[PDB]
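So this one's final-v4.cif, mmCIF, C-alpha atoms:
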```cif
data_my_file
#
loop_
_atom_site.label_atom_id
_atom_site.label_comp_id
_atom_site.auth_asym_id
_atom_site.auth_seq_id
_atom_site.Cartn_x
_atom_site.Cartn_y
_atom_site.Cartn_z
CA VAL X 30 84.55 50.84 79.79
CA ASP X 31 87.44 52.20 81.92
CA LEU X 32 87.50 48.98 84.03
CA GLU X 33 91.01 48.00 82.80
CA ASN X 34 92.87 51.32 83.34
CA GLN X 35 91.59 51.60 86.94
CA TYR X 36 93.03 48.17 87.80
CA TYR X 37 96.41 48.73 86.05
CA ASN X 38 96.75 52.12 87.81
CA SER X 39 95.93 50.48 91.16
CA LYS X 40 98.35 47.61 90.38
CA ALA X 41 101.22 49.98 89.47
CA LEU X 42 100.44 52.02 92.65
CA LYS X 43 101.88 49.22 94.85
CA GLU X 44 105.34 47.61 94.12
CA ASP X 45 107.11 49.88 96.73
CA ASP X 46 110.28 50.27 94.59
CA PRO X 47 110.29 52.50 91.46
CA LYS X 48 112.02 49.66 89.54
CA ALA X 49 109.63 48.24 86.89
CA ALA X 50 106.78 50.28 88.47
CA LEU X 51 107.48 53.43 86.41
CA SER X 52 107.31 51.34 83.21
CA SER X 53 103.93 49.94 84.41
CA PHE X 54 102.63 53.51 84.92
CA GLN X 55 104.00 54.21 81.41
CA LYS X 56 101.94 51.20 80.19
CA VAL X 57 98.86 52.78 81.86
CA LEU X 58 99.70 55.94 79.86
CA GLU X 59 100.26 53.82 76.72
CA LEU X 60 96.78 52.44 76.90
CA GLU X 61 95.35 54.75 74.29
CA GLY X 62 94.53 57.99 76.08
CA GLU X 63 90.78 58.55 75.81
CA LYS X 64 89.68 59.98 79.18
CA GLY X 65 92.50 60.54 80.38
CA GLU X 66 92.21 61.01 84.12
CA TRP X 67 94.00 57.73 84.97
CA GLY X 68 97.00 58.78 82.85
CA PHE X 69 97.06 62.04 84.84
CA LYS X 70 97.02 60.06 88.13
CA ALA X 71 99.72 57.67 86.82
CA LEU X 72 101.95 60.63 85.92
CA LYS X 73 101.10 62.25 89.29
CA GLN X 74 102.51 59.16 91.06
CA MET X 75 105.49 59.10 88.64
CA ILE X 76 106.16 62.72 89.71
CA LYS X 77 105.70 61.81 93.42
CA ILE X 78 108.52 59.20 93.15
CA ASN X 79 110.82 61.05 90.67
CA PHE X 80 111.70 64.20 92.70
CA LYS X 81 111.75 62.21 95.98
CA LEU X 82 114.31 59.67 94.67
CA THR X 83 117.26 60.39 92.27
CA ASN X 84 116.98 62.11 88.78
CA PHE X 85 115.18 65.49 88.33
CA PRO X 86 115.09 66.28 84.54
CA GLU X 87 112.86 63.20 84.00
CA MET X 88 110.45 64.70 86.57
CA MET X 89 110.42 67.92 84.48
CA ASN X 90 109.57 65.86 81.35
CA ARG X 91 106.72 63.93 83.01
CA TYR X 92 105.47 67.18 84.64
CA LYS X 93 105.39 68.73 81.15
CA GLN X 94 103.30 65.69 80.16
CA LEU X 95 101.03 66.46 83.18
CA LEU X 96 100.50 70.09 82.05
CA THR X 97 98.32 68.89 79.10
CA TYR X 98 95.25 67.74 81.14
CA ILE X 99 94.56 71.19 82.68
CA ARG X 100 91.85 72.52 80.30
CA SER X 101 90.84 69.20 78.66
CA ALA X 102 90.24 65.72 80.19
CA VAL X 103 90.65 66.55 83.92
CA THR X 104 88.88 69.41 85.76
CA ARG X 105 90.64 72.61 86.90
CA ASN X 106 90.08 71.93 90.64
CA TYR X 107 91.70 68.46 90.80
CA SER X 108 94.67 69.72 88.73
CA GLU X 109 94.96 72.76 91.05
CA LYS X 110 95.04 70.58 94.20
CA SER X 111 97.51 68.13 92.57
CA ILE X 112 99.91 70.91 91.45
CA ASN X 113 99.62 72.64 94.88
CA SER X 114 100.39 69.41 96.81
CA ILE X 115 103.28 68.49 94.44
CA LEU X 116 104.73 72.03 94.79
CA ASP X 117 104.46 71.72 98.61
CA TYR X 118 106.33 68.37 98.54
CA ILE X 119 109.18 69.83 96.41
CA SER X 120 109.27 73.02 98.57
CA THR X 121 109.67 70.91 101.74
CA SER X 122 112.24 68.57 100.12
CA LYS X 123 114.48 70.75 97.87
CA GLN X 124 115.12 74.51 97.63
CA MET X 125 114.77 77.31 95.00
CA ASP X 126 117.55 76.03 92.67
CA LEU X 127 115.14 73.39 91.29
CA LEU X 128 111.68 74.58 92.52
CA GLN X 129 111.82 78.00 90.76
CA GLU X 130 112.05 76.39 87.28
CA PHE X 131 109.03 74.15 88.00
CA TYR X 132 107.05 77.22 89.19
CA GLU X 133 108.04 78.98 85.93
CA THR X 134 106.90 76.05 83.73
CA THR X 135 103.62 75.83 85.74
CA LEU X 136 102.91 79.54 85.04
CA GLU X 137 104.04 79.13 81.40
CA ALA X 138 101.50 76.28 80.90
CA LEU X 139 98.63 78.04 82.75
CA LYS X 140 97.94 80.49 79.87
CA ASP X 141 94.20 80.75 80.55
CA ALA X 142 92.00 83.80 81.31
CA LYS X 143 89.78 81.87 83.79
CA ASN X 144 92.76 81.22 86.14
CA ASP X 145 92.16 83.45 89.19
CA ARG X 146 93.92 82.08 92.32
CA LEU X 147 95.69 79.44 90.18
CA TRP X 148 97.75 82.15 88.43
CA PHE X 149 97.97 84.57 91.38
CA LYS X 150 99.32 82.37 94.22
CA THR X 151 101.87 80.68 91.90
CA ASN X 152 103.08 84.11 90.60
CA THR X 153 103.16 85.46 94.20
CA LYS X 154 105.30 82.55 95.50
CA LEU X 155 107.51 82.82 92.37
CA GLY X 156 107.82 86.53 93.25
CA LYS X 157 109.00 85.51 96.73
CA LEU X 158 111.56 83.10 95.19
CA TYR X 159 112.67 85.92 92.87
CA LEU X 160 113.06 88.13 96.00
CA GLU X 161 115.35 85.44 97.52
CA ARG X 162 117.23 85.18 94.17
CA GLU X 163 118.12 88.94 94.26
CA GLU X 164 116.36 89.45 90.89
CA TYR X 165 114.54 92.80 90.53
CA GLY X 166 114.21 93.09 86.72
CA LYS X 167 111.79 90.23 86.00
CA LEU X 168 110.23 90.72 89.47
CA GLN X 169 108.86 94.05 88.17
CA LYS X 170 107.17 92.14 85.29
CA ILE X 171 105.72 89.66 87.80
CA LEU X 172 104.48 92.61 89.93
CA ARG X 173 103.11 94.28 86.75
CA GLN X 174 101.02 91.16 86.01
CA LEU X 175 99.87 90.90 89.65
CA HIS X 176 98.88 94.61 89.78
CA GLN X 177 97.07 94.36 86.40
CA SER X 178 95.10 91.28 87.60
CA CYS X 179 92.99 93.68 89.73
CA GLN X 180 93.46 96.97 87.81
CA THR X 192 92.52 91.23 99.94
CA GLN X 193 95.10 90.32 97.27
CA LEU X 194 96.13 93.90 96.39
CA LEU X 195 97.72 94.35 99.85
CA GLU X 196 99.83 91.21 99.19
CA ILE X 197 100.96 92.72 95.87
CA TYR X 198 101.74 96.02 97.68
CA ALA X 199 103.66 94.08 100.37
CA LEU X 200 105.83 92.39 97.69
CA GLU X 201 106.39 95.78 96.00
CA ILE X 202 107.50 97.27 99.35
CA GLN X 203 109.72 94.19 99.96
CA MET X 204 111.40 94.85 96.57
CA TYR X 205 111.92 98.58 97.25
CA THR X 206 113.28 97.82 100.77
CA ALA X 207 116.26 96.05 99.10
CA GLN X 208 116.27 98.62 96.26
CA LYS X 209 116.36 101.43 98.93
CA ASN X 210 113.89 103.83 97.26
CA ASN X 211 112.38 105.77 100.19
CA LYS X 212 109.99 108.10 98.29
CA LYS X 213 108.41 105.10 96.51
CA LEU X 214 107.95 103.25 99.85
CA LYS X 215 106.22 106.39 101.23
CA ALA X 216 103.93 106.50 98.16
CA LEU X 217 103.20 102.74 98.40
CA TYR X 218 102.38 102.90 102.15
CA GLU X 219 100.11 105.95 101.65
CA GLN X 220 98.39 103.98 98.84
CA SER X 221 98.20 100.78 100.95
CA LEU X 222 96.27 102.61 103.72
CA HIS X 223 93.19 102.84 101.41
CA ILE X 224 92.87 99.06 100.83
CA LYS X 225 93.16 98.35 104.61
CA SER X 226 89.57 99.59 105.23
CA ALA X 227 87.83 96.45 103.84
CA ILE X 228 90.28 93.52 104.15
CA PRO X 229 90.71 90.16 106.06
CA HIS X 230 93.31 89.58 108.85
CA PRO X 231 96.69 88.23 107.63
CA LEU X 232 100.34 89.10 108.53
CA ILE X 233 100.64 91.51 105.54
CA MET X 234 98.81 94.28 107.49
CA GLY X 235 101.72 94.33 109.98
CA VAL X 236 104.51 94.01 107.38
CA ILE X 237 103.74 97.29 105.54
CA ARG X 238 103.39 99.06 108.94
CA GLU X 239 107.03 98.17 109.76
CA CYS X 240 108.16 100.15 106.69
CA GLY X 241 105.57 102.80 107.62
CA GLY X 242 107.39 103.17 110.95
CA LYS X 243 110.86 103.48 109.38
CA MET X 244 109.52 105.99 106.86
CA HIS X 245 108.11 108.10 109.73
CA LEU X 246 111.60 108.10 111.31
CA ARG X 247 113.03 109.23 107.95
CA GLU X 248 110.58 112.19 107.77
CA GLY X 249 110.71 113.10 111.49
CA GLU X 250 107.29 112.01 112.81
CA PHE X 251 108.21 109.94 115.88
CA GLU X 252 104.70 109.54 117.38
CA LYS X 253 103.27 108.02 114.16
CA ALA X 254 106.39 105.79 113.96
CA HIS X 255 105.72 104.67 117.56
CA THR X 256 102.09 103.74 116.78
CA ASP X 257 103.14 102.02 113.51
CA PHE X 258 105.87 99.99 115.27
CA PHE X 259 103.45 99.12 118.12
CA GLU X 260 100.71 97.74 115.80
CA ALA X 261 103.36 96.03 113.62
CA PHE X 262 104.83 94.43 116.78
CA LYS X 263 101.30 93.22 117.68
CA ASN X 264 100.96 91.59 114.24
CA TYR X 265 104.47 90.10 114.49
CA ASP X 266 103.47 88.80 117.96
CA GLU X 267 100.42 87.11 116.41
CA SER X 268 102.56 85.54 113.63
CA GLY X 269 105.99 85.01 115.26
CA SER X 270 109.69 85.95 115.14
CA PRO X 271 112.38 86.90 113.72
CA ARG X 272 111.02 90.42 112.96
CA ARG X 273 109.24 90.65 116.36
CA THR X 274 112.46 91.36 118.31
CA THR X 275 113.78 93.90 115.75
CA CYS X 276 110.36 95.64 115.60
#
```

Before anything else, please render the file you have as structure tokens.
Amino acid sequence: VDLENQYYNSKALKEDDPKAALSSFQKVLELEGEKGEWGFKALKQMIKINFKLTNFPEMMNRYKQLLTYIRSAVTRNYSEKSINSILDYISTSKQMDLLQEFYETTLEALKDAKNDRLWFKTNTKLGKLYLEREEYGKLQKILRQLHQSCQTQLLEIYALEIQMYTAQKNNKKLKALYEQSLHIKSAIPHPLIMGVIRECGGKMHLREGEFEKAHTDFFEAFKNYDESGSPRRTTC
């Protein structure tokens, strides 16, 4: 039944040059869409060539065409892996000034209650891009959504909150957040985050006057920064 579409997708996959190949992928899409997993794969390749060579708004258009096979046609797992890989390619190639908008459209299209890690990790990395952008207004909305997703990951949300208030320079809030973050640390995996909050916890203890607790905090933070790497290792 799908014997044709498979072959035309595989035929358009070759060619090397995007000249005439993109129109062939468009012909694969123009076969009446009935499945349509092969149209998704055709557009996925179209995306893979578009941001890598020349024009970007066309990539945004074809990515918006990709964001229709999330719930219907193609399964959530294959779409998750495809979006993740595509986002990694753009992150390695170009910077925030294009990537942030694609992250935003991805989160705008993923309006689904069953999205657990799919919503979270995208919103978290967008939060990091919004930290690099020097935006703190909409970052609070992002952090509101991330905090309300639970009320492992909560410590990440607390680490982003602390990262925001480190630039905002609100000491009392950072003290409250660290004292709240100590509760979640009891049953948790082993990432870098555990040593990030501790750095602030050290500085806070220097602000209050407790130098021994600051010493232990900076020692354990330095151990975590030794396990991950520099630039914060030397400063810690």

Kindly indicate which residue among X:142, X:136, X:222, X:233 lies nearest to residue X:156, using all atoms listed in the file for the distances.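 The shortest atom-to-atom distance to residue X:156 comes from X:136.
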
Step by step, work through what the PyMOL selection byres ((chain X and resi 42) around 10) selects in the shown file, and finish by giving those residues as a PyMOL selection string. chain X and resi 36-41+43-45+47+50-51+53-54+70-71+74-75

Given the file shown, enumerate the residues that the PyMOL selection byres ((chain X and resi 230) around 12) captures and present them as JSON, numbers by chain. {"X": [192, 193, 195, 196, 225, 226, 227, 228, 229, 231, 232, 233, 234, 235, 264, 267, 268]}

Output check: residues returned by the PyMOL selection byres ((chain X and resi 132) around 9), as a VMD selection string: chain X and resid 116 128 to 131 133 to 137 151 to 152 154 to 155

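Within 10 Å of the point (106.4, 104.9, 115.6), counting all atoms listed in the file, the protein and nucleic acid residues come to residues 238, 239, 241, 242, 243, 244, 245, 246, 250, 251, 252, 253, 254, 255, 256, 257, 258, 259, 260 and 261 of chain X.
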
Rounded to one decimal in Å, what is the spacing between atom CA of residue X:169 and atom CA of residue X:127?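 So the two atoms, atom CA of residue X:169 and atom CA of residue X:127, lie 21.8 Å apart.
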
Nearest residue to residue X:31 out of X:115, X:76, X:214, X:60, using all atoms listed in the file?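 Of all the options, X:60 lies closest to residue X:31.
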
So the first atom is atom CA of residue X:99 and the second is atom CA of residue X:150; what is the distance between them in Å, to one decimal place?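 Interatomic distance here is 16.8 Å.
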
Nearest to residue X:179, chosen from X:145, X:266, X:219, X:109, with only C-alpha atoms counted in the distances: X:145

Work out how far apart atom CA of residue X:223 and atom CA of residue X:180 are and give it in Å to one decimal.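 Going from atom CA of residue X:223 over to atom CA of residue X:180 covers 14.8 Å.
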
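Using all atoms listed in the file, the residues found no farther than 12 Å from residue X:104, other than those of its own chain fewer than 6 positions away, are residues 64, 65, 66, 69, 97, 98, 110 and 111 of chain X.
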
Filtering to C-alpha atoms, could stretch 200-265 of chain X of the supplied structure be written out as a PDB file, in the first residue's frame?
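Generated output (part_21.pdb):
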```pdb
ATOM      1  CA  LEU X 200      17.544  27.866  37.617  1.00  0.00           C
ATOM      2  CA  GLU X 201      15.655  29.973  40.196  1.00  0.00           C
ATOM      3  CA  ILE X 202      18.909  30.517  42.144  1.00  0.00           C
ATOM      4  CA  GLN X 203      20.726  31.313  38.846  1.00  0.00           C
ATOM      5  CA  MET X 204      18.070  34.010  38.154  1.00  0.00           C
ATOM      6  CA  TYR X 205      18.310  35.528  41.661  1.00  0.00           C
ATOM      7  CA  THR X 206      22.151  35.498  41.495  1.00  0.00           C
ATOM      8  CA  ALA X 207      21.928  38.060  38.633  1.00  0.00           C
ATOM      9  CA  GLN X 208      18.907  39.738  40.301  1.00  0.00           C
ATOM     10  CA  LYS X 209      20.965  39.989  43.573  1.00  0.00           C
ATOM     11  CA  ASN X 210      18.197  39.039  46.023  1.00  0.00           C
ATOM     12  CA  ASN X 211      20.076  37.489  48.976  1.00  0.00           C
ATOM     13  CA  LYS X 212      17.122  36.656  51.287  1.00  0.00           C
ATOM     14  CA  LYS X 213      15.387  34.742  48.459  1.00  0.00           C
ATOM     15  CA  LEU X 214      18.607  32.773  47.710  1.00  0.00           C
ATOM     16  CA  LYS X 215      18.786  31.868  51.442  1.00  0.00           C
ATOM     17  CA  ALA X 216      15.135  30.716  51.365  1.00  0.00           C
ATOM     18  CA  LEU X 217      15.688  28.740  48.121  1.00  0.00           C
ATOM     19  CA  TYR X 218      18.843  26.994  49.443  1.00  0.00           C
ATOM     20  CA  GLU X 219      17.115  26.107  52.745  1.00  0.00           C
ATOM     21  CA  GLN X 220      14.224  24.705  50.654  1.00  0.00           C
ATOM     22  CA  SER X 221      16.599  22.868  48.264  1.00  0.00           C
ATOM     23  CA  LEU X 222      18.199  20.956  51.176  1.00  0.00           C
ATOM     24  CA  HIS X 223      14.960  18.915  51.615  1.00  0.00           C
ATOM     25  CA  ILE X 224      14.896  17.532  48.033  1.00  0.00           C
ATOM     26  CA  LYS X 225      18.597  16.492  48.259  1.00  0.00           C
ATOM     27  CA  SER X 226      17.724  13.494  50.523  1.00  0.00           C
ATOM     28  CA  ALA X 227      16.326  11.284  47.703  1.00  0.00           C
ATOM     29  CA  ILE X 228      17.913  12.419  44.410  1.00  0.00           C
ATOM     30  CA  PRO X 229      20.349  11.154  41.654  1.00  0.00           C
ATOM     31  CA  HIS X 230      23.922  12.506  41.145  1.00  0.00           C
ATOM     32  CA  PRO X 231      24.189  15.443  38.682  1.00  0.00           C
ATOM     33  CA  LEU X 232      26.158  18.751  38.763  1.00  0.00           C
ATOM     34  CA  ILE X 233      23.122  20.678  40.162  1.00  0.00           C
ATOM     35  CA  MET X 234      23.863  19.400  43.722  1.00  0.00           C
ATOM     36  CA  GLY X 235      27.167  21.322  43.635  1.00  0.00           C
ATOM     37  CA  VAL X 236      25.787  24.464  41.945  1.00  0.00           C
ATOM     38  CA  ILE X 237      23.318  25.391  44.730  1.00  0.00           C
ATOM     39  CA  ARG X 238      26.066  24.697  47.328  1.00  0.00           C
ATOM     40  CA  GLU X 239      28.225  27.441  45.755  1.00  0.00           C
ATOM     41  CA  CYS X 240      25.476  29.988  46.521  1.00  0.00           C
ATOM     42  CA  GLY X 241      25.028  28.277  49.906  1.00  0.00           C
ATOM     43  CA  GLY X 242      28.677  29.089  50.610  1.00  0.00           C
ATOM     44  CA  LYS X 243      28.393  32.759  49.593  1.00  0.00           C
ATOM     45  CA  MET X 244      25.202  33.101  51.640  1.00  0.00           C
ATOM     46  CA  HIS X 245      27.036  31.718  54.704  1.00  0.00           C
ATOM     47  CA  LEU X 246      29.723  34.410  54.189  1.00  0.00           C
ATOM     48  CA  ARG X 247      26.941  37.029  54.004  1.00  0.00           C
ATOM     49  CA  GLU X 248      25.461  35.862  57.357  1.00  0.00           C
ATOM     50  CA  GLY X 249      28.806  35.223  59.120  1.00  0.00           C
ATOM     51  CA  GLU X 250      28.995  31.414  59.339  1.00  0.00           C
ATOM     52  CA  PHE X 251      32.473  30.673  57.957  1.00  0.00           C
ATOM     53  CA  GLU X 252      32.700  26.963  58.887  1.00  0.00           C
ATOM     54  CA  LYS X 253      29.462  26.084  57.030  1.00  0.00           C
ATOM     55  CA  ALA X 254      30.706  28.199  54.083  1.00  0.00           C
ATOM     56  CA  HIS X 255      33.974  26.210  54.141  1.00  0.00           C
ATOM     57  CA  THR X 256      32.126  22.856  54.028  1.00  0.00           C
ATOM     58  CA  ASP X 257      29.738  24.159  51.320  1.00  0.00           C
ATOM     59  CA  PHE X 258      32.629  25.440  49.162  1.00  0.00           C
ATOM     60  CA  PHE X 259      34.555  22.159  49.720  1.00  0.00           C
ATOM     61  CA  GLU X 260      31.672  19.899  48.564  1.00  0.00           C
ATOM     62  CA  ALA X 261      30.850  22.331  45.714  1.00  0.00           C
ATOM     63  CA  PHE X 262      34.529  22.225  44.643  1.00  0.00           C
ATOM     64  CA  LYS X 263      34.312  18.392  44.684  1.00  0.00           C
ATOM     65  CA  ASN X 264      31.266  18.519  42.380  1.00  0.00           C
ATOM     66  CA  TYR X 265      32.956  21.114  40.130  1.00  0.00           C
TER      67      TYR X 265
END
```
